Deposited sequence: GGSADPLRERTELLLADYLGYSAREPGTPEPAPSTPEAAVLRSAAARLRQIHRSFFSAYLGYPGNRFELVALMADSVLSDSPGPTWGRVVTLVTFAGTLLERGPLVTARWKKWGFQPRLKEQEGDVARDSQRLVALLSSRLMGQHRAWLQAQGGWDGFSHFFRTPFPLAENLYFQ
């Protein structure tokens, strides 16, 4: 599915960025939605710095953790929203980050596994919901909403 492939590219872009070697140049966003997701994720982490900073050097099983929560976070009432989608994806990205302050092959496979997991959850039970929102263009429009 083109919608599946577009979804997989978005998650690969963001999680790949999250997993990258510390101190290397930031890869340019591959699509508009990739740039929006990166910006939204950054704002979310700023707002909830203490919550996300706590998982930043997460030494445990990264895939297991996200796999245990992916369905409820997306599904549970009120239901799926773009806010939830960004939050779950941002959380997954946080688990993958490394760097000098944090430390104070494996990452590659984990990011691949998370791309596959999250794509499947989105294209699985919430596919209809995603299409009704206008797909990833809807996503981009949603978070570009002008502010006061």
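Missing from the model, relative to the deposited sequence, are the ranges 1 to 4, 109 to 123, 168 to 175.
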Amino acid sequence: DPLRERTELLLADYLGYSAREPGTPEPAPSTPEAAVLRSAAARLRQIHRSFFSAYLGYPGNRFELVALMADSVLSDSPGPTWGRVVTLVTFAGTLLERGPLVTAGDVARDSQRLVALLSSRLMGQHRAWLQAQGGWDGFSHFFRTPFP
From here on, numbers count along this sequence of modelled residues.
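When the C-alpha B-factors of 119 to 127 and 91 to 99 are averaged, 119 to 127 comes out higher. Higher average CA B factor: 48 to 56, of the stretches 48 to 56 and 110 to 118. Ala104 sits in the highest third of its chain by CA B factor, as recorded in the PDB entry.
Annotation for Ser18: CA B-factor lies in the lowest third of the chain's modelled residues.
Annotation for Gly134: CA B-factor lies in the highest third of the chain's modelled residues.
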